[PDB]
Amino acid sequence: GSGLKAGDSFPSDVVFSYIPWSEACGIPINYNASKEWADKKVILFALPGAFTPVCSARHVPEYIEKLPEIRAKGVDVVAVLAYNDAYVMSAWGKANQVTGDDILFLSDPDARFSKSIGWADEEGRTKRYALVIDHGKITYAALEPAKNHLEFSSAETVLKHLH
């Protein structure tokens, strides 16, 4: 794909899938990220898969812990992204005890967004990465050097790249 870097515009027509907040016969609908985020400061972190074990990388739990610090830096939306469908993503959000949309759990259908920028792996999963998108402009972008390497996409690290 293309890559993404600071200074780039966030791609247009980026559409994910998700189940909107509450409450259960939730149905997946489109999440038009390009449109929704145009006037927002956003953190988006992607990872290999929902429900990876507790003993492995603490990607999501660290974002939950650092959420007060992230809000203090003026971030409006935090989202986690993976290739799992919106049903699995939504159940994973519940399993992580995230309520009231504090962190959005989004599906990248067939990893098509991730593929379009060259950040999907050989098996159709997203890679592990983070993007800070401020009003449609990328201000932080980092791809982890390996699947279970947690560093450049971590909440701690992303926090150092927020004013």
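For every residue, the number given is its place in the sequence shown, counted from 1.
- Counting the unmodelled positions of the deposited sequence between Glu23 and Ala24 gives a gap of 4 to 9 residues.
- Comparing the deposited coordinates for 101-109 and 28-36, the stretch with the larger average C-alpha B-factor is 28-36.
- In this entry, the higher average B-factor at the C-alpha atoms falls on 61-69, of the pair 42-50 and 61-69.
- In the deposited entry, the Cα temperature factor of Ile117 sits in the top third of values across the chain's modelled residues.
- When all modelled residues of the chain are sorted by CA temperature factor, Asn148 is found within the highest third.
- In the PDB entry, a CA B factor belonging to the middle third of its chain's modelled residues is recorded for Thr139.
- The deposited CA B-factor of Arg125 belongs to the highest third of values across its chain.
- When the modelled residues of the chain are ordered by their C-alpha B factor, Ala95 lands in the middle third.
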